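Spelled out from the first residue to the last, the chains are:
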Number of protein chains: 2
Amino acid sequence: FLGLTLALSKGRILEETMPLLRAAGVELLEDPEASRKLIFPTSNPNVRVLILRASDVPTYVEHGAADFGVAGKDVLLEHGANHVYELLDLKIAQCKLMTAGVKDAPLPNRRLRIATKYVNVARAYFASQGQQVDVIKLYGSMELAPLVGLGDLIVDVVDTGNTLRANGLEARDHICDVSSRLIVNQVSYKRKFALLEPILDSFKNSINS
Amino acid sequence: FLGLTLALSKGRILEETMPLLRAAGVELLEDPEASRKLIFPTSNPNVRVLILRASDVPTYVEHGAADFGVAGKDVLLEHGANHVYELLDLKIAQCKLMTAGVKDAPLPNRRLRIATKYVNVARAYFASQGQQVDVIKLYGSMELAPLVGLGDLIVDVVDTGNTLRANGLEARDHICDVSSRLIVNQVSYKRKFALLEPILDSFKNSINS
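Residues numbered from 1 in each chain as written, not as in the entry; some residues may be left out. Chains lettered and ligands numbered in written order. Heavy atoms only, no water.

All names here are of chain A. Evaluation of the coordinates by the stated rule reveals seven aromatic pairs over all chains. When the ring of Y85 is compared with that of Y189, the centres are 5.6 Å apart and the planes differ by 80°; the resulting orientation is edge-to-face. Of this pair, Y85 sits in strand β5 (residues 85-102) while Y189 sits in helix α6 (residues 188-191), and the two are 104 residues apart along the sequence. Classification of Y85 as partly exposed rests on a relative accessible area of 27%. Judged by centre distance (5.2 Å) and plane angle (80°), the ring pair of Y189 and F193 falls under edge-to-face. Joined through ring pairs, the aromatic side chains of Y85, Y189 and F193 make up one cluster. Just above the ring of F1 sits the side chain of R48; from NZ or CZ to the centre is 4.3 Å. (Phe/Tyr/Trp six-rings, centres within 6.5 Å; stacked < 30°, edge-to-face > 60°. Helix = DSSP H or I, 4+ residues; strand = E, 2+ residues; numbered from the N terminus. Buried < 20%, exposed > 50% of the residue type's maximum accessible area, 1.4 Å probe, protein only. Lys NZ or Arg CZ within 6 Å of the ring centre and 35° of its normal.)

Now the structure itself:
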């Protein structure tokens, strides 16, 4: 396959990327959410799509298994973005990285334990607050952890805050805003620029409105 | 909450644990697969259930946020089981850890790159084969990696082999058999033994047939 391979993930990222792809002459030929297929063709024979877990998008792009991708800033910060280029803030799937805990619960007088998927982000953020913290690495359902005493706080992505509120948690601190970003493999950017450039230009034009 | 907190995960583990719980006088009052609730009551007021991602079950049990749990051997090997007790092989959700790659594809003459969620298991298994390997940490859909050149092999859990076969992959090596195990927090085992013992005994009796 001599074309470009685009790494996306399911849900909001796929949903909100598709219009940008449509304006650039790229359309999926079926709903990937309903398929066992791993690699998907498009209306453009020079572009194919991978549907990955959000956390794996930087990995595939870094290694060149995908030439470019759409990854949330949260994933990029946690994974590390030193071995891809971030070309565009696409302003999609916007949310916040935040700390949260049980509503009105006092912080303990000791090293805090932070339950999170975002272990690197958590250590860095708390370091900026003057705190060395213990981190408990979790893979999902962060909202449960404070309820059963696993960790004093969580770090997670928050959009509406409804999950938090439904579970008797409240956001404590805003860490940073998060949006999905167009990343490119550093070799693909050089070797396949003629294929990338018009797509990149279309995306840039689309995001300007 | 003074009772026991049991950590389970969705799908086959939940499905196949429920009969064992039923024989021990513990029944869920609704289908957790259909609910936003995080902690679930049971027919026994001394037992509640957490529905976690499989990878997080050892974590919750180790820290004492759950007193006991059902975790796959694959997760235990990868996480490390030094800070829980493994009491029972429940013989449920049986499968194999295996290596796999593209059907009939020759191995490269260099350090192999292993794409997997099971980074620790992969390094240990290949070390037993006389090989130092590079590992690429992935979070899902392992079957894709060899198709797009990410890694030379994968390590994954295989049951039927259908996913592998559907994607033009074949299992290369059998690493070990995997089944779900009853694990207990090391303090809970001492402090709450009177609550645990009859449940543990029931499970043992059930698995004997």
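Continuing now.
With that settled, consider the side chain of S9(B). All names here are of chain B. Relative to the helices and strands, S9 resides in strand β1 (residues 4-9). Exposure remark for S9: the relative accessible area of 4% places this residue in the buried category. Here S9 is in contact with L14, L52, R53 and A54, once residues within four sequence places are set aside. (Contact = heavy atoms within 4.5 Å.)

Right, let's get into the sheet that holds strand β9 (residues 169-184) of chain B. Residue and element names in this part refer to chain B. The mixed open sheet is built from nine strands, whose spatial order is β2-β3-β1-β4-β9-β5-β8-β6-β7. Looking at the sheet topology across the chains shown, the edges are occupied by β2 (39-41) and β7 (134-137). Shown here is a sheet whose adjacent strand axes are inclined to one another by a mean of 25°, direction ignored. Inspection of the sheet shows strand β5 (residues 85-102) paired to strand β8 (residues 153-158) by five bridges, in the antiparallel sense. (Pairing = 2+ DSSP bridges. Axes fitted to C-alpha atoms, helices over the stretch in contact; angles between N-to-C directions.)

A few words now on the interface of chain B and chain A. Frequently, the measure chosen for interface size is the accessible area that the parts lose on association. Taken together, the contact between chain B and chain A spans 25 residues of the former and 25 residues of the latter. Both faces combined, the contact of chain B with chain A buries some 2,300 Å², and carbon together with sulfur accounts for 66% of it. Per-residue buried area on chain B facing chain A is highest for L38(B), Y139(B) and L144(B); these three make up 27% of the total on that side. Linking chain B with chain A are zero salt bridges, by the criterion used here. There are four residue pairs in polar contact connecting chain B and chain A. Those elements that provide at least two residues to the side of chain B that touches chain A are β3 (47-52), α2 (57-63) and β7 of chain B. For the side of chain B that touches chain A, a count of residues per class yields 14 nonpolar, six polar and five charged. (Buried area = accessible area lost by both parts, 1.4 Å probe. Salt bridge = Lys/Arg side-chain N within 4 Å of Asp/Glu carboxyl O. Polar contact = N/O pair within 3.5 Å; in protein donor to acceptor, adjacent residues only side chain to side chain. Nonpolar A, V, L, I, M, F, W, Y, C, P; charged D, E, K, R; others polar.)

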